[PDB]
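Pasted below: upload_17.cif, mmCIF, C-alpha atoms.
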```
data_run
#
loop_
_atom_site.group_PDB
_atom_site.id
_atom_site.type_symbol
_atom_site.label_atom_id
_atom_site.label_comp_id
_atom_site.auth_asym_id
_atom_site.auth_seq_id
_atom_site.Cartn_x
_atom_site.Cartn_y
_atom_site.Cartn_z
ATOM 1 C CA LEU A 111 -50.092 -15.765 -31.355
ATOM 2 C CA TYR A 112 -46.329 -15.757 -30.543
ATOM 3 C CA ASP A 113 -43.913 -13.126 -29.169
ATOM 4 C CA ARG A 114 -40.145 -13.574 -28.879
ATOM 5 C CA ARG A 115 -40.529 -14.600 -25.191
ATOM 6 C CA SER A 116 -43.145 -17.294 -25.911
ATOM 7 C CA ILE A 117 -40.899 -19.273 -28.291
ATOM 8 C CA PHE A 118 -37.698 -18.814 -26.315
ATOM 9 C CA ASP A 119 -39.385 -20.440 -23.313
ATOM 10 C CA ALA A 120 -40.741 -23.273 -25.450
ATOM 11 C CA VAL A 121 -37.214 -23.896 -26.777
ATOM 12 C CA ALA A 122 -35.726 -23.833 -23.263
ATOM 13 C CA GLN A 123 -37.598 -27.009 -22.362
ATOM 14 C CA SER A 124 -37.483 -28.808 -25.738
ATOM 15 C CA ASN A 125 -41.239 -28.480 -26.260
ATOM 16 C CA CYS A 126 -42.331 -29.358 -29.810
ATOM 17 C CA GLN A 127 -46.000 -28.926 -28.950
ATOM 18 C CA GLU A 128 -46.257 -25.251 -27.939
ATOM 19 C CA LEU A 129 -44.862 -24.758 -31.455
ATOM 20 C CA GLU A 130 -47.688 -26.721 -33.101
ATOM 21 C CA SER A 131 -49.498 -23.467 -33.849
ATOM 22 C CA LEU A 132 -46.226 -21.781 -34.873
ATOM 23 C CA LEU A 133 -45.980 -22.191 -38.642
ATOM 24 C CA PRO A 134 -49.607 -21.121 -39.220
ATOM 25 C CA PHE A 135 -49.108 -17.931 -37.114
ATOM 26 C CA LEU A 136 -46.516 -16.182 -39.300
ATOM 27 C CA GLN A 137 -48.464 -17.384 -42.297
ATOM 28 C CA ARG A 138 -51.363 -15.136 -41.258
ATOM 29 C CA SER A 139 -49.236 -12.212 -40.079
ATOM 30 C CA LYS A 140 -46.643 -13.162 -42.724
ATOM 31 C CA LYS A 141 -44.088 -12.488 -39.981
ATOM 32 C CA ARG A 142 -40.653 -14.115 -40.378
ATOM 33 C CA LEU A 143 -38.755 -16.190 -37.861
ATOM 34 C CA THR A 144 -35.913 -13.819 -38.803
ATOM 35 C CA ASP A 145 -37.694 -10.502 -38.148
ATOM 36 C CA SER A 146 -35.980 -7.871 -36.000
ATOM 37 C CA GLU A 147 -38.598 -8.675 -33.311
ATOM 38 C CA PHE A 148 -37.656 -12.357 -33.054
ATOM 39 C CA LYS A 149 -34.051 -11.666 -32.070
ATOM 40 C CA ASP A 150 -32.564 -10.296 -28.839
ATOM 41 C CA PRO A 151 -32.069 -6.585 -29.723
ATOM 42 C CA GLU A 152 -28.504 -6.448 -28.325
ATOM 43 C CA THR A 153 -26.974 -9.813 -29.169
ATOM 44 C CA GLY A 154 -28.910 -10.875 -32.256
ATOM 45 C CA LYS A 155 -29.732 -14.291 -30.796
ATOM 46 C CA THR A 156 -32.511 -16.236 -32.527
ATOM 47 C CA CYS A 157 -34.643 -19.121 -31.292
ATOM 48 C CA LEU A 158 -32.393 -21.586 -33.117
ATOM 49 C CA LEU A 159 -29.473 -20.069 -31.229
ATOM 50 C CA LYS A 160 -31.369 -20.209 -27.878
ATOM 51 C CA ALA A 161 -31.995 -23.862 -28.802
ATOM 52 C CA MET A 162 -28.265 -24.229 -29.401
ATOM 53 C CA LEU A 163 -27.572 -23.042 -25.841
ATOM 54 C CA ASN A 164 -30.438 -25.011 -24.355
ATOM 55 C CA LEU A 165 -29.144 -28.460 -25.161
ATOM 56 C CA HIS A 166 -30.131 -31.479 -23.111
ATOM 57 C CA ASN A 167 -27.916 -34.520 -23.873
ATOM 58 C CA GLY A 168 -26.564 -32.759 -26.987
ATOM 59 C CA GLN A 169 -30.164 -32.847 -28.302
ATOM 60 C CA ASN A 170 -33.060 -30.563 -29.181
ATOM 61 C CA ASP A 171 -35.726 -31.182 -31.815
ATOM 62 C CA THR A 172 -37.075 -27.694 -31.426
ATOM 63 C CA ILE A 173 -34.133 -27.205 -33.802
ATOM 64 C CA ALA A 174 -35.474 -29.698 -36.372
ATOM 65 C CA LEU A 175 -38.925 -28.093 -36.116
ATOM 66 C CA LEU A 176 -37.516 -24.565 -36.086
ATOM 67 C CA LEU A 177 -35.524 -25.157 -39.273
ATOM 68 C CA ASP A 178 -38.501 -26.907 -40.904
ATOM 69 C CA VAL A 179 -40.611 -23.783 -40.254
ATOM 70 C CA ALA A 180 -37.932 -21.534 -41.771
ATOM 71 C CA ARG A 181 -37.936 -23.374 -45.130
ATOM 72 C CA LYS A 182 -41.735 -23.347 -45.351
ATOM 73 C CA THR A 183 -41.227 -19.589 -45.346
ATOM 74 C CA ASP A 184 -37.752 -20.062 -46.824
ATOM 75 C CA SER A 185 -36.336 -17.857 -44.121
ATOM 76 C CA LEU A 186 -34.159 -20.933 -44.347
ATOM 77 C CA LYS A 187 -30.695 -19.685 -45.342
ATOM 78 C CA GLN A 188 -30.531 -16.402 -43.381
ATOM 79 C CA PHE A 189 -32.107 -18.163 -40.415
ATOM 80 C CA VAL A 190 -29.477 -20.902 -40.090
ATOM 81 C CA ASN A 191 -26.820 -18.226 -40.784
ATOM 82 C CA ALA A 192 -27.757 -15.424 -38.394
ATOM 83 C CA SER A 193 -24.860 -14.219 -36.232
ATOM 84 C CA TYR A 194 -24.275 -12.572 -32.840
ATOM 85 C CA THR A 195 -23.712 -8.805 -32.949
ATOM 86 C CA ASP A 196 -22.584 -7.910 -29.413
ATOM 87 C CA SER A 197 -18.830 -7.258 -29.043
ATOM 88 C CA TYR A 198 -18.480 -10.514 -27.134
ATOM 89 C CA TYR A 199 -19.816 -13.336 -29.355
ATOM 90 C CA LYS A 200 -19.843 -11.243 -32.582
ATOM 91 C CA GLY A 201 -20.228 -13.290 -35.741
ATOM 92 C CA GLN A 202 -21.001 -16.544 -33.961
ATOM 93 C CA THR A 203 -23.505 -18.748 -35.838
ATOM 94 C CA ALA A 204 -25.306 -21.931 -34.801
ATOM 95 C CA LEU A 205 -22.647 -23.988 -36.662
ATOM 96 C CA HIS A 206 -19.946 -22.495 -34.449
ATOM 97 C CA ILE A 207 -21.832 -23.670 -31.375
ATOM 98 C CA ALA A 208 -22.410 -27.234 -32.717
ATOM 99 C CA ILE A 209 -18.692 -27.596 -33.134
ATOM 100 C CA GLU A 210 -17.871 -25.953 -29.844
ATOM 101 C CA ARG A 211 -20.090 -28.645 -28.378
ATOM 102 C CA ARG A 212 -18.388 -31.456 -30.351
ATOM 103 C CA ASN A 213 -21.729 -32.514 -31.826
ATOM 104 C CA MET A 214 -21.398 -34.271 -35.190
ATOM 105 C CA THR A 215 -25.119 -34.771 -35.510
ATOM 106 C CA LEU A 216 -25.801 -31.050 -35.180
ATOM 107 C CA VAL A 217 -22.868 -30.062 -37.393
ATOM 108 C CA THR A 218 -24.230 -32.522 -39.967
ATOM 109 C CA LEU A 219 -27.759 -31.148 -39.620
ATOM 110 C CA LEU A 220 -26.749 -27.480 -39.906
ATOM 111 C CA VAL A 221 -24.523 -28.042 -42.964
ATOM 112 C CA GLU A 222 -27.414 -29.914 -44.674
ATOM 113 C CA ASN A 223 -29.849 -27.086 -44.064
ATOM 114 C CA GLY A 224 -27.182 -24.812 -45.478
ATOM 115 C CA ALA A 225 -25.052 -23.393 -42.659
ATOM 116 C CA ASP A 226 -22.283 -21.167 -44.069
ATOM 117 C CA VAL A 227 -19.122 -23.071 -43.476
ATOM 118 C CA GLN A 228 -16.897 -19.980 -43.902
ATOM 119 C CA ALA A 229 -18.671 -17.807 -41.266
ATOM 120 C CA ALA A 230 -16.123 -16.052 -39.039
ATOM 121 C CA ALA A 231 -16.828 -15.905 -35.312
ATOM 122 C CA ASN A 232 -14.704 -12.819 -34.553
ATOM 123 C CA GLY A 233 -15.979 -11.270 -31.313
ATOM 124 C CA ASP A 234 -13.815 -10.829 -28.197
ATOM 125 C CA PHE A 235 -14.942 -14.283 -27.026
ATOM 126 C CA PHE A 236 -12.950 -15.722 -29.968
ATOM 127 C CA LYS A 237 -9.685 -13.804 -29.436
ATOM 128 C CA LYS A 238 -7.048 -13.744 -26.642
ATOM 129 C CA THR A 239 -8.297 -13.109 -23.093
ATOM 130 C CA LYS A 240 -8.517 -9.574 -21.701
ATOM 131 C CA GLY A 241 -8.576 -11.661 -19.650
ATOM 132 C CA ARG A 242 -12.159 -11.940 -20.849
ATOM 133 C CA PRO A 243 -11.247 -14.325 -21.955
ATOM 134 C CA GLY A 244 -10.689 -16.308 -24.383
ATOM 135 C CA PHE A 245 -10.312 -18.391 -26.535
ATOM 136 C CA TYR A 246 -8.912 -18.050 -30.041
ATOM 137 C CA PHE A 247 -8.941 -20.683 -32.780
ATOM 138 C CA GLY A 248 -9.455 -18.125 -34.976
ATOM 139 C CA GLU A 249 -12.798 -17.601 -36.310
ATOM 140 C CA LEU A 250 -13.674 -20.156 -38.990
ATOM 141 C CA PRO A 251 -15.408 -23.561 -38.441
ATOM 142 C CA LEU A 252 -12.553 -25.602 -39.919
ATOM 143 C CA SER A 253 -10.048 -23.692 -37.764
ATOM 144 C CA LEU A 254 -12.189 -24.306 -34.713
ATOM 145 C CA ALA A 255 -12.667 -27.976 -35.535
ATOM 146 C CA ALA A 256 -8.917 -28.450 -35.814
ATOM 147 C CA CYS A 257 -7.808 -26.330 -32.854
ATOM 148 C CA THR A 258 -10.142 -28.347 -30.645
ATOM 149 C CA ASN A 259 -8.704 -31.578 -32.007
ATOM 150 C CA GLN A 260 -11.792 -32.778 -33.767
ATOM 151 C CA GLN B 560 10.570 -10.243 -6.096
ATOM 152 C CA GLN B 561 14.243 -10.595 -7.021
ATOM 153 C CA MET B 562 15.470 -8.229 -4.302
ATOM 154 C CA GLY B 563 12.988 -9.356 -1.632
ATOM 155 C CA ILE B 564 13.825 -13.025 -2.031
ATOM 156 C CA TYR B 565 17.457 -11.994 -1.800
ATOM 157 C CA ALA B 566 16.868 -10.167 1.509
ATOM 158 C CA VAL B 567 15.363 -13.340 2.981
ATOM 159 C CA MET B 568 18.630 -15.158 2.361
ATOM 160 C CA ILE B 569 20.533 -12.403 4.140
ATOM 161 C CA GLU B 570 18.292 -12.804 7.202
ATOM 162 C CA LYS B 571 18.432 -16.604 7.030
ATOM 163 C CA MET B 572 22.136 -16.508 6.478
ATOM 164 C CA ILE B 573 22.795 -14.062 9.199
ATOM 165 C CA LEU B 574 21.362 -15.595 12.317
ATOM 166 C CA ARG B 575 22.131 -19.284 11.876
ATOM 167 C CA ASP B 576 25.364 -19.259 9.831
ATOM 168 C CA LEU B 577 26.780 -15.938 10.931
ATOM 169 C CA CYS B 578 25.734 -16.636 14.472
ATOM 170 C CA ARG B 579 27.500 -20.016 14.505
ATOM 171 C CA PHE B 580 30.771 -18.707 13.017
ATOM 172 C CA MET B 581 30.656 -15.799 15.416
ATOM 173 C CA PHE B 582 30.720 -18.013 18.522
ATOM 174 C CA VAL B 583 33.767 -20.021 17.527
ATOM 175 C CA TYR B 584 35.426 -16.880 16.222
ATOM 176 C CA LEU B 585 34.938 -15.131 19.554
ATOM 177 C CA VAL B 586 36.149 -18.247 21.352
ATOM 178 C CA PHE B 587 39.297 -18.664 19.252
ATOM 179 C CA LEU B 588 40.107 -14.979 19.080
ATOM 180 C CA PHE B 589 39.566 -14.591 22.792
ATOM 181 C CA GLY B 590 41.748 -17.537 23.697
ATOM 182 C CA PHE B 591 44.670 -16.634 21.462
ATOM 183 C CA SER B 592 44.480 -12.940 22.305
ATOM 184 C CA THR B 593 44.718 -13.804 26.003
ATOM 185 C CA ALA B 594 47.662 -16.079 25.259
ATOM 186 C CA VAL B 595 49.354 -13.144 23.538
ATOM 187 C CA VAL B 596 48.724 -10.570 26.310
ATOM 188 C CA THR B 597 50.485 -12.826 28.824
ATOM 189 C CA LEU B 598 53.308 -13.078 26.305
ATOM 190 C CA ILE B 599 54.066 -9.360 26.066
ATOM 191 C CA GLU B 600 55.385 -7.290 28.991
ATOM 192 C CA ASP B 601 54.979 -3.761 27.601
ATOM 193 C CA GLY B 602 54.234 -1.498 24.637
ATOM 194 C CA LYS B 603 50.444 -1.247 24.716
ATOM 195 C CA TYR B 627 49.982 -4.601 23.024
ATOM 196 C CA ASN B 628 49.784 -5.858 26.570
ATOM 197 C CA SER B 629 46.260 -4.567 27.014
ATOM 198 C CA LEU B 630 43.893 -7.399 26.266
ATOM 199 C CA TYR B 631 41.676 -5.234 24.107
ATOM 200 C CA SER B 632 44.649 -3.902 22.170
ATOM 201 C CA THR B 633 46.080 -7.356 21.512
ATOM 202 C CA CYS B 634 42.634 -8.627 20.606
ATOM 203 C CA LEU B 635 42.132 -5.847 18.111
ATOM 204 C CA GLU B 636 45.497 -6.615 16.546
ATOM 205 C CA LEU B 637 44.481 -10.283 16.420
ATOM 206 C CA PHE B 638 41.200 -9.360 14.689
ATOM 207 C CA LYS B 639 42.951 -7.776 11.704
ATOM 208 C CA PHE B 640 44.167 -11.186 10.643
ATOM 209 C CA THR B 641 40.555 -12.133 10.013
ATOM 210 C CA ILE B 642 39.638 -8.866 8.255
ATOM 211 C CA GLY B 643 42.457 -9.291 5.712
ATOM 212 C CA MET B 644 44.673 -6.695 7.375
ATOM 213 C CA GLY B 645 46.593 -9.000 9.658
ATOM 214 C CA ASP B 646 50.033 -7.711 10.516
ATOM 215 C CA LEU B 647 51.667 -11.031 11.351
ATOM 216 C CA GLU B 648 54.509 -9.917 13.604
ATOM 217 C CA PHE B 649 53.108 -6.595 14.824
ATOM 218 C CA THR B 650 55.048 -6.278 18.103
ATOM 219 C CA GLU B 651 58.769 -6.615 18.935
ATOM 220 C CA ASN B 652 58.579 -6.442 22.716
ATOM 221 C CA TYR B 653 57.950 -10.083 23.513
ATOM 222 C CA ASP B 654 60.327 -12.738 24.831
ATOM 223 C CA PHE B 655 61.048 -16.211 23.463
ATOM 224 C CA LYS B 656 60.208 -14.936 19.992
ATOM 225 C CA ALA B 657 59.745 -18.236 18.161
ATOM 226 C CA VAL B 658 56.791 -19.074 20.416
ATOM 227 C CA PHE B 659 54.980 -15.813 19.601
ATOM 228 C CA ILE B 660 55.209 -16.560 15.879
ATOM 229 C CA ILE B 661 54.026 -20.127 16.457
ATOM 230 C CA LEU B 662 51.056 -18.717 18.343
ATOM 231 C CA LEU B 663 50.252 -16.410 15.465
ATOM 232 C CA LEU B 664 50.671 -18.983 12.711
ATOM 233 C CA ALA B 665 48.401 -21.453 14.490
ATOM 234 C CA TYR B 666 45.773 -18.795 15.036
ATOM 235 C CA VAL B 667 45.832 -17.935 11.344
ATOM 236 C CA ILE B 668 45.740 -21.523 10.087
ATOM 237 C CA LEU B 669 42.855 -22.748 12.250
ATOM 238 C CA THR B 670 41.083 -19.425 12.414
ATOM 239 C CA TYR B 671 41.680 -17.186 9.425
ATOM 240 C CA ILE B 672 41.873 -19.800 6.671
ATOM 241 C CA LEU B 673 40.086 -22.778 8.163
ATOM 242 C CA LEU B 674 37.218 -20.705 9.452
ATOM 243 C CA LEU B 675 36.726 -18.146 6.700
ATOM 244 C CA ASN B 676 36.812 -20.803 4.008
ATOM 245 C CA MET B 677 34.552 -22.991 6.136
ATOM 246 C CA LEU B 678 32.080 -20.160 6.578
ATOM 247 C CA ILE B 679 31.754 -19.831 2.821
ATOM 248 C CA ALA B 680 30.981 -23.548 2.329
ATOM 249 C CA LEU B 681 28.448 -23.537 5.147
ATOM 250 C CA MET B 682 26.903 -20.423 3.600
ATOM 251 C CA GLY B 683 26.753 -22.362 0.360
ATOM 252 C CA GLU B 684 24.739 -24.943 2.267
ATOM 253 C CA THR B 685 22.255 -22.531 3.833
ATOM 254 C CA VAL B 686 21.728 -21.135 0.338
ATOM 255 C CA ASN B 687 20.910 -24.479 -1.306
ATOM 256 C CA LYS B 688 18.410 -25.553 1.348
ATOM 257 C CA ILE B 689 16.747 -22.155 1.666
ATOM 258 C CA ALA B 690 15.868 -20.953 -1.744
ATOM 259 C CA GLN B 691 12.496 -22.674 -2.164
ATOM 260 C CA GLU B 692 11.912 -22.048 1.540
ATOM 261 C CA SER B 693 13.114 -18.472 1.105
ATOM 262 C CA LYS B 694 10.585 -17.956 -1.669
ATOM 263 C CA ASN B 695 7.875 -19.081 0.732
ATOM 264 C CA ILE B 696 9.152 -16.642 3.312
ATOM 265 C CA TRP B 697 9.147 -13.795 0.833
ATOM 266 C CA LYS B 698 5.613 -14.689 -0.220
ATOM 267 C CA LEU B 699 4.592 -14.675 3.416
ATOM 268 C CA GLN B 700 6.169 -11.270 3.983
ATOM 269 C CA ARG B 701 4.240 -9.580 1.190
ATOM 270 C CA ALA B 702 1.051 -11.138 2.564
ATOM 271 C CA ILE B 703 1.729 -9.827 6.053
ATOM 272 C CA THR B 704 2.549 -6.386 4.711
ATOM 273 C CA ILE B 705 -0.616 -6.323 2.595
ATOM 274 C CA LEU B 706 -2.869 -7.769 5.280
ATOM 275 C CA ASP B 707 -1.708 -5.197 7.823
ATOM 276 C CA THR B 708 -2.081 -2.136 5.624
ATOM 277 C CA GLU B 709 -5.735 -2.855 4.927
ATOM 278 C CA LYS B 710 -6.291 -3.664 8.597
ATOM 279 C CA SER B 711 -3.619 -1.065 9.394
ATOM 280 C CA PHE B 712 -4.969 1.040 6.528
ATOM 281 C CA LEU B 713 -7.990 1.990 8.672
ATOM 282 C CA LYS B 714 -9.904 -1.001 7.375
ATOM 283 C CA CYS B 715 -10.846 1.612 4.807
ATOM 284 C CA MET B 716 -13.354 0.699 2.151
ATOM 285 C CA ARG B 717 -11.778 -2.039 0.072
ATOM 286 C CA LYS B 718 -12.917 -5.145 -1.749
ATOM 287 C CA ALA B 719 -14.961 -7.231 0.681
ATOM 288 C CA UNK B 752 -16.241 -13.605 -5.962
ATOM 289 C CA UNK B 753 -12.860 -15.213 -6.767
ATOM 290 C CA UNK B 754 -12.378 -17.267 -9.903
ATOM 291 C CA UNK B 755 -9.318 -17.995 -11.980
ATOM 292 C CA UNK B 756 -9.217 -17.896 -15.743
ATOM 293 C CA UNK B 757 -8.144 -21.387 -16.704
ATOM 294 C CA UNK B 758 -7.483 -23.324 -19.872
ATOM 295 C CA UNK B 759 -5.989 -26.812 -19.741
ATOM 296 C CA UNK B 760 -6.979 -29.809 -21.874
ATOM 297 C CA UNK B 761 -7.467 -32.369 -20.763
ATOM 298 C CA UNK B 762 -9.862 -32.241 -23.720
#
```

What do you get writing this file as structure tokens?
Amino acid sequence: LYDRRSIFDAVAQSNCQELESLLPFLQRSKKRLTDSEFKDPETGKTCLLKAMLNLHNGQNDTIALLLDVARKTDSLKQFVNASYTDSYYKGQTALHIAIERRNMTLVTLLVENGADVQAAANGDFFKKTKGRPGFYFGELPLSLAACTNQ
Amino acid sequence: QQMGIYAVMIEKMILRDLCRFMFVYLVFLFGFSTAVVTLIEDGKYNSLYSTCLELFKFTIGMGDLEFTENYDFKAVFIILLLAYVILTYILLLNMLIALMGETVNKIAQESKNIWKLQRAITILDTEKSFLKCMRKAXXXXXXXXXXX
């Protein structure tokens, strides 16, 4: 069995083992990696997104496994494309983060598993400082990738 | 900020520049005024203070030039007054302006520091001098330079 907490901890330390029994779990319960219960109820963060924050050397293969699991249930598209919902990071996707981190490899990977390239990150974190701040590029992956000189 | 920085210049200007011009001005005015009192027998321009006040007007812009008739050897009195004006009204007043121009150039960055200091002292005191009433007591600065 797996609750939200269980996976998020596994992800935090790049553990691909504690997620050995993962796929077969939501096969029995037919639960989806995308269920309401597998996201933070106030931000909309998913395990893939936790993984995106918990990088070590711009690397995490909990990602590769996490994606793999989502296709086997074909949560695939809406999984890789889930966005933040809090006023701060609203509309931020994993692809936004990969770029923010200047990580070709993870941009490449996300685009190949079908990240929406037109997804607008539009929360207060992506507009001019309250100061909050900060910082605006606006919104769309291309725009980001240019404004950060990439 | 605009007015406060300006006030610093007035204070800076006053003591050093104004103070320096004042000494020489008192010295010149005193000497010449004494020379004049000796010169005049009668008519109330004899009194040192009275002559001195008449001598001051030259500096104000109200100088009378030949204020008093009742002096002897008249050409000398005029010579005394012309010399006082040349060295003292023109040479000094115009000099004071140039020297003021100097204090101003040197100060301004310094006078911004002084203004900054003055706000700090006023603020620090009110909180201490504000009863040390409940008040804040984390600093961070929003930053964004690349450098990336």

* Could you check how far CA of residue 189 (chain A) sits from CA of residue 226 (chain A), in Å to one decimal? =>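 CA of residue 189 (chain A) sits 10.9 Å away from CA of residue 226 (chain A).
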
Which residues of chain A have any atom within 9 Å of an atom in chain B when counting all atoms listed in the file, and what is the closest pair of atoms for each, with the distance in Å to one decimal? Order the rows by chain and rising number and write it as CSV.
```
residue,atom,partner,partner_atom,distance
A:239,CA,B:756,CA,8.8
A:241,CA,B:756,CA,7.4
A:242,CA,B:756,CA,8.4
A:243,CA,B:756,CA,7.4
A:244,CA,B:756,CA,8.9
A:245,CA,B:758,CA,8.8
A:258,CA,B:762,CA,7.9
A:259,CA,B:762,CA,8.4
```

Can I get the selection written as a PDB file, keeping the file's coordinate frame, with C-alpha atoms?
```
ATOM      1  CA  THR A 239      -8.297 -13.109 -23.093  1.00  0.00           C
ATOM      2  CA  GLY A 241      -8.576 -11.661 -19.650  1.00  0.00           C
ATOM      3  CA  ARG A 242     -12.159 -11.940 -20.849  1.00  0.00           C
ATOM      4  CA  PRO A 243     -11.247 -14.325 -21.955  1.00  0.00           C
ATOM      5  CA  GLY A 244     -10.689 -16.308 -24.383  1.00  0.00           C
ATOM      6  CA  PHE A 245     -10.312 -18.391 -26.535  1.00  0.00           C
ATOM      7  CA  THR A 258     -10.142 -28.347 -30.645  1.00  0.00           C
ATOM      8  CA  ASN A 259      -8.704 -31.578 -32.007  1.00  0.00           C
TER       9      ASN A 259
END
```

* Can you list what the PyMOL selection byres ((chain B and resi 655-668) around 9) grabs from this structure, as a ChimeraX atom specification? -> /B:587-588,591,594-595,598,637,640-641,647-648,651,653-654,669-674

How would you write, as a short mmCIF file (atom, residue, chain, number, x, y, z; two decimals) with C-alpha atoms, in the coordinates of the input, the residues chosen by the PyMOL selection byres ((chain A and resi 158) around 9) on this structure?
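Okay, expr.cif is ready:
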```
data_model
loop_
_atom_site.label_atom_id
_atom_site.label_comp_id
_atom_site.auth_asym_id
_atom_site.auth_seq_id
_atom_site.Cartn_x
_atom_site.Cartn_y
_atom_site.Cartn_z
CA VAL A 121 -37.21 -23.90 -26.78
CA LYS A 155 -29.73 -14.29 -30.80
CA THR A 156 -32.51 -16.24 -32.53
CA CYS A 157 -34.64 -19.12 -31.29
CA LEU A 159 -29.47 -20.07 -31.23
CA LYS A 160 -31.37 -20.21 -27.88
CA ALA A 161 -32.00 -23.86 -28.80
CA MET A 162 -28.26 -24.23 -29.40
CA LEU A 163 -27.57 -23.04 -25.84
CA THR A 172 -37.08 -27.69 -31.43
CA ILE A 173 -34.13 -27.20 -33.80
CA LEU A 176 -37.52 -24.56 -36.09
CA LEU A 177 -35.52 -25.16 -39.27
CA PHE A 189 -32.11 -18.16 -40.42
CA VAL A 190 -29.48 -20.90 -40.09
CA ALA A 204 -25.31 -21.93 -34.80
#
```

* To do: Excluding region 138-146 of chain A and any residue of its chain fewer than 4 positions from it, enumerate the residues within 7 Å of it, using all atoms listed in the file, and give them as a PyMOL selection string.
  => chain A and resi 134+180+185+189

Selection above as a file: C-alpha atoms, as an mmCIF file, in the coordinates of the input:
```
data_model
loop_
_atom_site.group_PDB
_atom_site.id
_atom_site.type_symbol
_atom_site.label_atom_id
_atom_site.label_comp_id
_atom_site.auth_asym_id
_atom_site.auth_seq_id
_atom_site.Cartn_x
_atom_site.Cartn_y
_atom_site.Cartn_z
ATOM 1 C CA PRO A 134 -49.607 -21.121 -39.220
ATOM 2 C CA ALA A 180 -37.932 -21.534 -41.771
ATOM 3 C CA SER A 185 -36.336 -17.857 -44.121
ATOM 4 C CA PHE A 189 -32.107 -18.163 -40.415
#
```

* Asked: Which residues match the PyMOL selection byres ((chain B and resi 680-684) around 10) in the file above, as a PyMOL selection string?
  -> chain B and resi 568+571-573+575-577+580+674-679+685-689

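The spacing separating CA of residue 211 (chain A) from CA of residue 234 (chain A) amounts to 18.9 Å.
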
* To do: Tell me, as a ChimeraX atom specification, which residues lie within 12 Å of residue 561 (chain B), counting all atoms listed in the file; anything in the same chain fewer than 4 positions away does not count.
  => /B:565-568,690,693-694,697-698

* To do: Quick one: pull the distance between CA of residue 216 (chain A) and CA of residue 252 (chain A), Å, one decimal.
  =>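 Separating CA of residue 216 (chain A) from CA of residue 252 (chain A) is a distance of 15.1 Å.
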
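Selection around (50.0, -4.2, 25.7) with radius 12 Å, counting all atoms listed in the file, yields the residues residues 592, 593, 595, 596, 597, 598, 599, 600, 601, 602, 603, 627, 628, 629, 630, 631, 632, 633, 634, 635, 636, 649, 650, 651, 652 and 653 of chain B.
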
Selected residues written out with C-alpha atoms, as a CSV table (one decimal), in the coordinates of the input:
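That gives us result_28.csv:
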```
chain,number,residue,atom,x,y,z
B,592,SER,CA,44.5,-12.9,22.3
B,593,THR,CA,44.7,-13.8,26.0
B,595,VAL,CA,49.4,-13.1,23.5
B,596,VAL,CA,48.7,-10.6,26.3
B,597,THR,CA,50.5,-12.8,28.8
B,598,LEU,CA,53.3,-13.1,26.3
B,599,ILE,CA,54.1,-9.4,26.1
B,600,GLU,CA,55.4,-7.3,29.0
B,601,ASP,CA,55.0,-3.8,27.6
B,602,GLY,CA,54.2,-1.5,24.6
B,603,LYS,CA,50.4,-1.2,24.7
B,627,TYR,CA,50.0,-4.6,23.0
B,628,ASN,CA,49.8,-5.9,26.6
B,629,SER,CA,46.3,-4.6,27.0
B,630,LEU,CA,43.9,-7.4,26.3
B,631,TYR,CA,41.7,-5.2,24.1
B,632,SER,CA,44.6,-3.9,22.2
B,633,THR,CA,46.1,-7.4,21.5
B,634,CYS,CA,42.6,-8.6,20.6
B,635,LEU,CA,42.1,-5.8,18.1
B,636,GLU,CA,45.5,-6.6,16.5
B,649,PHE,CA,53.1,-6.6,14.8
B,650,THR,CA,55.0,-6.3,18.1
B,651,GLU,CA,58.8,-6.6,18.9
B,652,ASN,CA,58.6,-6.4,22.7
B,653,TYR,CA,58.0,-10.1,23.5
```

* **From A:230, A:117, A:209, A:255, residue lying nearest residue 175 (chain A) [only C-alpha atoms]** => A:117

* Nearest to residue 699 (chain B) among B:646, B:563, B:754, B:715, with distances taken over only C-alpha atoms: which residue is it? ->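 Looking at the shortest contact to residue 699 (chain B), the residue is B:563.
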
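Minimum distance to residue 135 (chain A) across A:113, A:184, A:196, A:210 (counting only C-alpha atoms) occurs at A:113.
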
* To do: For a cut-off of 12 Å around (-29.8, -9.0, -26.1), file coordinates, pick out all residues using only C-alpha atoms and list them as a PyMOL selection string.
  => chain A and resi 114+146-156+160+194-199

Centre and size of axis-aligned box enclosing region 688-701 of chain B plus 6 Å each side, as lines of an AutoDock Vina configuration file:
```
center_x = 11.3
center_y = -17.6
center_z = 0.9
size_x = 26.2
size_y = 28.0
size_z = 18.1
```
